[PDB]
Amino acid sequence: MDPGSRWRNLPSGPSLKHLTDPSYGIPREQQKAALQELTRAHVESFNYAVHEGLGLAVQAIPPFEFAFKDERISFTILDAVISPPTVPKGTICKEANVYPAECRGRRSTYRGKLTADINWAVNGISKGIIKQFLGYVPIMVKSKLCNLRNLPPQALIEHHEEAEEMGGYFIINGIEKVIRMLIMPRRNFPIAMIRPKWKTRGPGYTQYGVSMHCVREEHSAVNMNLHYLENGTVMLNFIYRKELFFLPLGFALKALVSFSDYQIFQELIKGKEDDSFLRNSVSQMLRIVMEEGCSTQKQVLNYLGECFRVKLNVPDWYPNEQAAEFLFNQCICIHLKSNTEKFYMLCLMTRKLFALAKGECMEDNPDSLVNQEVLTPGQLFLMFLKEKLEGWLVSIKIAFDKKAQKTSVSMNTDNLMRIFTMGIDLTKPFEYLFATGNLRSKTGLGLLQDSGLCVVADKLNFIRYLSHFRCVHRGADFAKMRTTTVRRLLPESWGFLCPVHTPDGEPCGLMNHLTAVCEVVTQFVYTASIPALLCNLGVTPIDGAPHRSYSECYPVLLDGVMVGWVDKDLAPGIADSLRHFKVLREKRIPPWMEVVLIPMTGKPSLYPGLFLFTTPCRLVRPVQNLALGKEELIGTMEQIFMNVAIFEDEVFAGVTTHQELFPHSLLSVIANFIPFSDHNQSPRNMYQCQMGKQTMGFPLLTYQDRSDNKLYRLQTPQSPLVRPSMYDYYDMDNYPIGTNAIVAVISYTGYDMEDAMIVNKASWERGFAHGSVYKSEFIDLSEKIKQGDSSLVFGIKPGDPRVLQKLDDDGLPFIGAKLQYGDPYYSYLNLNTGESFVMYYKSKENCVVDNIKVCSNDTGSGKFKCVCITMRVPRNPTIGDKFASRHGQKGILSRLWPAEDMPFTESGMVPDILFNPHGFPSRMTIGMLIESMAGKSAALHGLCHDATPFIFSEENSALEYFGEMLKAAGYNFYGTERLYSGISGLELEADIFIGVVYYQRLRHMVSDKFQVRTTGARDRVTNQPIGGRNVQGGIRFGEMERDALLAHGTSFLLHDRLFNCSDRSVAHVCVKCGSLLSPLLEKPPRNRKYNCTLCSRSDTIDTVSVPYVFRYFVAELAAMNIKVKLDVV
Amino acid sequence: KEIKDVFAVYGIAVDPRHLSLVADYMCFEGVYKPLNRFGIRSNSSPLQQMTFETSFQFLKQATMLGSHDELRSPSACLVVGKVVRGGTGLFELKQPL
Amino acid sequence: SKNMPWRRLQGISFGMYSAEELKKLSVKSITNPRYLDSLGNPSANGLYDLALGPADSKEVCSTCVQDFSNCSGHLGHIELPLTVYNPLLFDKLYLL
Amino acid sequence: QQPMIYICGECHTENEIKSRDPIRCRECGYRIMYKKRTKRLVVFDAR
Amino acid sequence: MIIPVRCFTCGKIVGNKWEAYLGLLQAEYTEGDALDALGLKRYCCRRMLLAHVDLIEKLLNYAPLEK
Amino acid sequence: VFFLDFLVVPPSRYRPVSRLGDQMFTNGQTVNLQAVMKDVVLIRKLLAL
Amino acid sequence: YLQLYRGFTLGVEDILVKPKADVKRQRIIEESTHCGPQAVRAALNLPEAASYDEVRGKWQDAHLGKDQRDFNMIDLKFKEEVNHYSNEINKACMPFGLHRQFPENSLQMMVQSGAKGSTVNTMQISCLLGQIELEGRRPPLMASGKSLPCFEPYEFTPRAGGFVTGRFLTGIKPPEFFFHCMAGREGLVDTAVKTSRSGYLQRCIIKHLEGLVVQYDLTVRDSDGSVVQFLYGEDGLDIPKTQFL
Amino acid sequence: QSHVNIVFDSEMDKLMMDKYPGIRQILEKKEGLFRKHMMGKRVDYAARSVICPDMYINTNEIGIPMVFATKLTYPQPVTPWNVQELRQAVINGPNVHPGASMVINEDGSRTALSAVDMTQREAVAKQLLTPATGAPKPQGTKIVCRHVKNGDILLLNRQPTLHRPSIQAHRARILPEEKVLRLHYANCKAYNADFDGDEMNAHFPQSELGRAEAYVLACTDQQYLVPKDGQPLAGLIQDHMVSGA
RNA sequence: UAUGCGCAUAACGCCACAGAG
DNA sequence: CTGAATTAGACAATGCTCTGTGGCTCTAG
Ligand SMILES: [Mg+2]
Ligand SMILES: [Zn+2]
Ligand SMILES: [Zn+2]
Ligand SMILES: [Zn+2]
Ligand SMILES: [Zn+2]
């Protein structure tokens, strides 16, 4: 193919020789690079954000100045470093470094140490530099700051980590939490869109407007909108601290440059010279500023600083000119750093707005992936870190404000900088984001989302665990909205997002996953040479004359910087030269550059221009450039103007420019694990991607080192005999999730209709699909048992008859031990008192203790009070457990059928799973039939067959191939055998299709789902039963059940279910005045009579029978002075 | 006829007696009334209006007007814990002495 | 044992109360904004005062002598110093 | 009689821990310690 | 994890054939011929040993005592 | 009845505090009544002034 | 009967097609390749001597246009043009041309005895998936005018517009796989969205019509005595009992 | 004034933080007071588990596990013509089926039966059927809360409950060593259930009125026709319509 | 109210994620 | 010098049941 290509080691077929290799189980000298690239976006974004983006971010924070009694005091941050996780100081250890296994088993946070070199100055002269500790920031595992960096797999085995361990996660309180990739708008690109809700925003606003998402070096993000008004005037929306401000365009364009008004005029009419409506409109916009006495740039800056100083909150000694410069730096086109470049980009956004509003270009779809990119974890980390550094400086100013209000004895600051200790500590506000996902900002960080930013990366199996690092989420705001247009599969996500791998239900179409070849640009390069390179080509500079009409030219954009203009007879030549330079790596053009040339059709197509993108966070995928014969990374917008080919046969000269690496590159990592997926119906492939991730498999290799809440383990998993080649590329036999089963497709028992399935009893009694679940309960005597005195330690009072031969002498169960219900679970004694308490085991499932680990605090000074018991619950397959094939065929076990009653073949073989053939016609999973024929051939010949999709055509069919294999093995061509009846003895007249299908055991068991409530706890407000099966509560008889039982005509059955079995209370009313609130019992002298408080007569009080919620109702209406009068007759 | 034409596009045949009852209810008052929270203002029972929608507005209207509920609605019989009048509740059983 | 109710609701009416009728219904003027003291018990003249009901089974009432399982519950009132509108009737007060 | 042995996570040395003393390994100072499994009869069914 | 004692489908003892299978495959037999030389005739028996992934050698690299 | 001289405190069994291991948590009804009552105390001191 | 004496299964011999019928199927597919531009000229009303660049230019004009009535007519004429080849393939393979016919065919016995499945399902297994139709139209075009990156912009062939002409028996090539995934996702999203529209309707109708019961005079009265019907359903009869009348 | 507004309605006052939901939000909405706690309620004496098929029970029957059958009780009063059955049920106790969880005495005091010793349960079984004791309450007899046994009626239910056959009363048949409810195939079109992980609620009526109108009205045999158009909806499904044909 | 033996202990919401049908 | 229709803003609703875990519920002044 191509050397140095990342996809050249993809195997031609699945082998099975690694399972029996003599070097199996010996850890390799180097980690498998196929697996390390699945989390490479996470790691490389965090590596940028912590080393280089942190230096750029602290250079971006302006020097913070404020007012003392007499003199201005300036604070600037010269440097900020994040240190790798070490032990606290004053800790006696042999190893200073902390590793993630400790923070994962002790349930701590794997924290770095942020410290900054803050400089301070009084009266403009720098008096001294302060190195100062700010807080502890979390560390992504296997970053440049993790202590597992650069270690071989033997050294990762030594430190209790996985061999072949990738890390894109944070340990936050012992929990692996991943920042999933959110979909953002395309950065630094004018997205012209139509939104009718913008018409409800001003007096004459139209539905047309150009959005813009400006990010500055991945540490700032500012959304801004131009709007179109019906008189041709443009308003400029900009948001500052989550609130919107509307400025006419002439003020911004006149404040950014010192140009004349005629020169600003010529930049806005530049394409459309003769459209006299635009000419009158932009002369009117320039006239608006002239009418308000702003004839120079300085007067516009003065006016804009006057009008925005209250909301903006500079010190009161800045001029108004500087206060407007502050808003143009914090709010307007922040990716640019020069004001003339802001002028030219803002003129381009206005010209695109004029072309949209005059019906001449088309709406950029915000839902198409062309106009979108990804939010990486390093970007969110670095934005939140820059905001917390700025807030830390403001907290120091508030500290001087408090010491000017309270301790104003006029002590000079002569290294009086232990007031930095009185500043805020940003450990807890930084960990709140990574611990909850909720974003508490004052800026909002340019996001449109406040929550769900961090998600638990749980490790149910490895197929689920890979899906957190490939997931691209659309937004949490979209699941609530009931529209079906953001949930569409659009064709512009060919090869970038997977078509099958998406959930079902509420997140269907929103929670998308990357394809296996797709990858996020995370490298950052210097693009200082690229505009001079473009001007060496035909791109005229933006000041110089373009030597042709601008109506016969293209606007050039290099990363949101408008470079210039190209003669349209030269622009395909420049685009091909840039693709040539990119794929041959010639003139320091990055290999991840998107060279988009949107052509001038003369029709209402997309807005034309030569757009060049080199920024990070874009999705990019490898194809092969057929003209050069080398592999090219093409982007999402770049793809829609290319004709890639899928197969060798589809390549035509002069038509197809590119070609995919392999035809199944449109699918996920996970969706490439479905055998023969082009023979299944597509919802049945979408169901398998979901239930392949719910499988009780083999999660991990470090069971004693892992302290997490539940952990589902399959006992003897098997490699699939029929699997795609991606199963062996990603080495998925390290963590296999299923067993091969001899599946016979027969209607034999009466228990397999309607999705149910039959398992051989004798296979289940041998080791078929047996399992375990490891529950880890972290017991802390400080946190839960808060009685006081802080001196609780695990232990027993010696001679206690509650713990004899049932807990050990440390008050903590034995490690071989079993735990039934009500057994002593742990014992703890109070040391300042002497009294020992015992805690009992309240779960209803018999477990076996696995290990007990005992934890200190971070110093090694903690006392014997934190412990983490891990228990094994058996969970072998029972009636009611759910299995699945690899094709979307889920099914509850209905019956464990004996082996003597099972239909035996002529080979002497029973099946171990019976499948009902009526799961095929409506679902059309033909790939399950091919998998059974292929698995039977693979077992018989001793092979391993390739089940990669799109390798079988109609000429060379799959059924012809595997039938010739079965014919060569002396079996039937069509997969059927002569079975006999195990109940009758007679040979069945039909010819029964049997094979080998690889089944999966899902984690949904009936032992976690049944519940029964006779009587029990009641809600303390309404006296109705409570909800939940862990609290042993009741189930609802809701409104639609009430309706359907009214339709039966059974009224005493509703009276039963909804009055006698929820809340039958007996209230006392005064029959005269009709009031529950009025009766009252006499204070005793017995007698026990009631008095109506209203009419003062004891005769009229009698009982009625009301719900208790009716009494709560009449009391809460009495709280609003509403009288409820009863007619009690 | 319009409800029949809606369901008959999809091959669904709702019996004509259901449609005749629904149309006889929606045209009880001489006008074509919707089945929403603006057609429930005409209802006799304040508790059924509260259990349907905007319970505080119908509570406020029932308190201002001094509205009486006869407790014969199926919602009003289940608020106060009384056997619903339809089905096995249209009648009473008496024991002869 | 014996079914204590044999009466039956025939109808329910919604109206408002006069303030004299609540001041007869109320058993304690509630004054103290502090619910619980240092020793954990409910305060005097607070929102959890025992002249109202007990809020749990650990205590008894003051007006009646029953426990949590037999006390009906009792109304109290926060005597406002000056007059506020009634939010149920503020729209109709604005119209009048 | 029969001390409570705990095993360090890193150096795997055996540690006796009483009630009042701070928990850390006596050799390497490590923070996680695993409880030792001792000889004691538990009955399982082969089924 | 570890080689099953019996085949799942029929009760043929297959647990004593794992080291023989590895010694046959290291002696340059085909996997079909190595399954024939062990007497695994039914393909139920034959997938038990053909598809066995032996996670206990990977799971014993984390052997605790290292002494 | 258009005006209030006093709020009505509903019974305390309909306003329960939800404790869970040495931390009390008041429900919303008692909190809104307390936010009335602190302001009542404030006005009463100001009319005293 | 299915335990003791007869068995029942579904092999691959129940879904296979005879070789001669597969030759007929394959040449109808080859003819279906070339039915592109006539369906565009039929909708845009062009003379049949118009070039392939002029028809493509006017179909770039029907697309990219705010009217969107010429474009829907072009999609309509494409669907009508490919439905002919769909019907020819289903005649060439389905009744005869299967390897086994009913009753010996088990999939035909499940379909035709009403057990499980449809005839459309059996045609999709053994003949073609046919036209993929998203919300009543052909699958969408990109902003450049191409339906997928493997196709030309404004390509006339039915393969570039969702006409799959592959089957699950032999497999589906990657573009038809992506089109079928579009259709499967819109089905899943549609069933996710139908339920909250059908539930609030039923709630409103229940909360109005709940009081209506039949009285002892045979009048359907509301809970306040208001007479809705004087006989129930205009004749007085019960729906489960009018079935043999 | 705005604090009093927040007491009555926490949406009358905008522009004020540290509010909690007032009495309107106690009353109005989903998760309000009417819809969450008056029109639908949590309920005692009910169960819920995954359903599995069963053909070897009748169509009007449900399969109750021993997990639920020794936990769901019925308050059977003690008459002289059922005191042998209830006496054997008291002797068996709360963990042996058919048994009893407790014996309610004539004054309302609940004598809980002991799972440990048979001496107490023998002493209680002797003490049944005796007349009014030294307490002056002669109005009633003892009530034995005996387990659900074969023949007891249970209302089954599957959400969403869209029409009237989505809740039907099935007779119980007690099945050992399971945790699933066993449903016949003829009921699956009524409940829209298909054994891929569905769950069903089994409510257990506690009065003779509820039992007697679950045997008569809401029985499975009476729900044969759908109320929509009077067509049948109980019938055999997949394997049966192949082997009968 | 539940557990344990009249006695001792435990007596919950709100968000956000994930999932089942 | 005032009733008139109109239009913008406010507001209320948007399927059902069930299972889990994890963080926070008064931290900031
Ligand atoms: Mg289902
Ligand atoms: Zn009275
Ligand atoms: Zn009281
Ligand atoms: Zn150590
Ligand atoms: Zn075998």
Side-chain angles (χ1 to χ4, degrees), chain A residues 172-173 175 177 180 200 398 402 406 424 428 431-432 435-438 450-456 458 460 464 476 480 482 503 505-507 690-691 693-694 708-710 802 821-822 837-840 842 882 890 1002-1004 1008-1009 1011 1015-1020 1023 1025-1032 1035-1041, chain B residues 36-37 53-54 57, chain C residues 56-58 69, chain F residues 16-21 23-28, chain G residues 192-204, chain H residues 11 18 20-21 28-30 40 48 50-51 157-162 192-201:
Chain A
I172 306 297
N173 294 321
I175 294 168
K177 291 182 78 75
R180 292 183 303 185
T200 69
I398 296 172
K402 296 295 187 292
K406 277 81 175 177
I424 197 167
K428 288 172 90 285
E431 192 182 0
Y432 179 76
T436 56
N438 296 319
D450 193 75
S451 67
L453 295 174
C454 287
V455 170
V456 178
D458 53 355
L460 168 52
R464 178 163 177 82
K480 299 186 291 293
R482 190 66 65 192
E506 189 173 3
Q690 180 64 256
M691 72 185 67
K693 299 189 293 188
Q694 300 295 320
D708 51 357
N709 199 356
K710 292 175 82 72
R802 290 174 291 136
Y821 185 77
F837 301 96
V838 72
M839 192 66 67
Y840 292 98
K842 295 286 101 179
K882 194 186 285 185
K890 73 181 80 67
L1002 305 187
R1003 69 172 177 88
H1004 307 99
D1008 295 330
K1009 282 178 177 179
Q1011 45 181 337
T1015 53
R1018 289 180 179 270
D1019 193 1
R1020 61 182 73 185
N1023 278 318
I1026 55 170
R1029 71 180 294 269
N1030 55 359
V1031 300
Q1032 295 88 26
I1035 63 168
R1036 275 181 65 88
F1037 192 80
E1039 285 189 347
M1040 295 201 294
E1041 294 84 359
Chain B
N36 59 8
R37 67 175 181 270
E53 284 180 357
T54 64
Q57 296 180 1
Chain C
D56 50 355
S57 176
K58 291 174 72 175
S69 65
Chain F
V17 288
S18 64
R19 63 180 64 89
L20 193 275
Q23 43 182 355
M24 300 294 171
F25 301 107
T26 54
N27 54 353
Chain G
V193 170
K194 287 191 291 184
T195 54
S196 66
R197 275 87 165 93
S198 175
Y200 177 53
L201 178 62
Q202 189 180 1
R203 174 173 167 82
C204 292
Chain H
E11 297 293 325
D18 202 357
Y20 280 154
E28 290 193 359
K29 275 171 74 173
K30 274 190 284 187
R48 181 177 172 93
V50 179
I51 43 164
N157 185 16
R158 184 184 166 273
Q159 281 80 19
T161 307
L162 291 172
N192 200 0
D194 59 352
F195 309 118
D196 59 354
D198 295 332
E199 292 181 353
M200 285 261 292
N201 303 119

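Values below: all heavy atoms of this structure, side chains included; hydrogens, waters and symmetry mates excluded. Every chain is numbered from 1, with letters handed out A, B, ... down the list of sequences.
- Within the nucleic acid shown, A/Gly1027 has no heavy atom closer than 4.0 Å to any nucleic acid atom.
- When the side chain to side chain donor-acceptor pair (under 3.5 Å) test is applied to A/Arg1029, no partner is found at least two apart in sequence or on another chain.
- To the nearest 0.5 Å, atoms OG1 (A/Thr436) and CD (A/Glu431) are separated by 10.0 Å.
- Contacts of A/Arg1036 with the nucleic acid, taken as non-hydrogen atoms under 4.0 Å apart, involve only primed sugar atoms and P, OP1 or OP2.
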Write out a two-atom table: protein N or O, nucleotide N or O from nucleotides 2-4 of chain I, distance below 3.5 Å.
| residue | atom | partner | partner atom | Å |
| --- | --- | --- | --- | --- |
| I/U3 | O2' | A/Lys842 | NZ | 3.0 |

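- By the side chain to side chain contact (heavy atoms under 4.5 Å, CB included) test, A/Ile424 is found to be paired with A/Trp392, A/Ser395, residues two or more places apart in sequence or in another chain being considered.
- Among residues two or more places apart in sequence or in another chain, the side chain to side chain contact (heavy atoms under 4.5 Å, CB included) test is passed with H/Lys29 by none.
- Listed by chain and residue number, A/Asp800, A/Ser836, A/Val838, A/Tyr840 satisfy the side chain to side chain contact (heavy atoms under 4.5 Å, CB included) test with A/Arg802 (two or more places apart in sequence, or in another chain).
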Identify each atom pair where a protein N or O and an N or O of nucleotides 18-21 of chain I are less than 3.5 Å apart, giving names and distance.
| residue | atom | partner | partner atom | Å |
| --- | --- | --- | --- | --- |
| I/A18 | OP1 | A/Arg180 | NH1 | 2.7 |
| I/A18 | OP1 | A/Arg180 | NH2 | 3.2 |
| I/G19 | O2' | A/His1004 | NE2 | 3.4 |
| I/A20 | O3' | A/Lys882 | NZ | 3.1 |
| I/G21 | OP1 | A/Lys882 | NZ | 3.3 |
| I/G21 | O3' | H/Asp196 | OD1 | 3.0 |
| I/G21 | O3' | H/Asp196 | OD2 | 3.4 |
| I/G21 | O3' | H/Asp198 | OD1 | 2.9 |
| I/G21 | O2' | H/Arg158 | NH2 | 3.0 |
| I/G21 | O2' | H/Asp198 | OD1 | 2.4 |
| I/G21 | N2 | H/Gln159 | O | 3.3 |

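- Scored by the side chain to side chain donor-acceptor pair (under 3.5 Å) test, A/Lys890 finds no partners at all (sequence neighbours excluded).
- Residues satisfying the side chain to side chain contact (heavy atoms under 4.5 Å, CB included) test with G/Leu201, not counting sequence neighbours, are G/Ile205.
- Counting any heavy atom pair closer than 4.0 Å across all strands shown, H/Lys30 reaches sugar-phosphate atoms only and no base atom.
- A search for side chain to side chain donor-acceptor pair (under 3.5 Å) contacts involving G/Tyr200 returns B/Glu53, not counting sequence neighbours.
- A/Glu1039 pairs by the salt bridge (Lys or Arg N to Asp or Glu O under 4.0 Å) definition with G/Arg203, H/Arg35, not counting sequence neighbours.
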Checklist line | Letter per nucleotide, 5' to 3', of nucleotides 24-29 of chain J [B base touched, S only sugar-phosphate touched, - untouched; heavy atoms, 4.0 Å] | finding: SB---S
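- Using a 4.0 Å heavy-atom cutoff across all strands shown, A/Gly822 reaches no nucleic acid atom at all.
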Item checked: Bracket string, DNA chain J, 5' to 3' - pairs by Watson-Crick or G-U geometry under 3.5 Å, | interstrand -> ...............|||||||||.....
